[PDB]
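The form deposited in one PDB entry is given below as one chain in structure tokens.
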């Protein structure tokens, strides 16, 4: 009774998440011990999507950062989809880092996210649900790699036989998440490649600033809320939206919002923007994200703390990480309304170096390492 299986090959373990489709469980291959994730969807659902997703995943298989489907089918009253076990989502890690990412991490993420979207588009699909929650790090030695999930709203944007782009259509309903939805999605215009990239832009700005200007708008109904987010999006300039950020972000948003409906994005131009920014800031390609260094610093500190024996405790760990890796941790400043230069941003390196730390005894121990 404690041995519950899917596809006769996988064993269900700990619940690791819960979506609108249903729940997600850790699992293991019974023969190899390989770790998997198992998604269960009740056949009683009014909006079944797991069958559809499994076909889109299989169609996209082989792309870098596309989860591999191991199995899909019925098990009792559920449909079950077995895929690669992945790590936390970028929204999860955003919370881990107390909801600000450094420029180095935002750039590292942007570059991988560009490749994922470019790959999906090259397979004739648009994702249509771009948000931090749908990008996940791998586990083990896949832990440096961003993966994309949730193809429930994805659709083909061009006909296979003719490569004819889908027709421009209106009156379409807003089907994704409102916070990251493109303006044209609010207008009820058919989404195309440009909309995935515009939404990605909103995600990147959100990572930098901690929030987007259309969060926290209050409304009496759902349609009211969507419309108010729409009006906010329509009326914030790219200049305003990207204030305080390197000019690259504004250039990215202006490009994406300027794309015609059926136009192929210049993905290489977008990547070059951020690659060049990374070079200007002299960020080393070392595969160290904010959370990489925070997790490591925390483990090392807490172990020393234990030998010796909140947000404040986290902030102390963050301060220590920033002193140890001073060239890695550069942040957006809420006060800035201009676009900082690379030298201006790199001033924070010196700040991080000289940042005072609270605990004398523990530090002496960390030094003596």
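In this text, the rigid core denotes the largest set of C-alpha atoms whose superposition between the two forms falls within 1.5 Å. Numbering follows the first chain given and starts at 1.
Only in words, not in the display: the form deposited in another entry, which the text now covers.
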Compare C-alpha positions between this form and the one not shown after fitting on the rigid core and state which of 239, 227, 262, 266 moves by at least 2 angstroms. 227
Core-superposed C-alpha of residue 287 shifting 2 Å or more between this form and the one not shown: no
Yes/no, residue 169 Cα shift of 2 Å or more between this form and the one not shown with rigid core fixed: no
Core-aligned, does residue 141 move its Cα 2 Å or more between this form and the one not shown? no
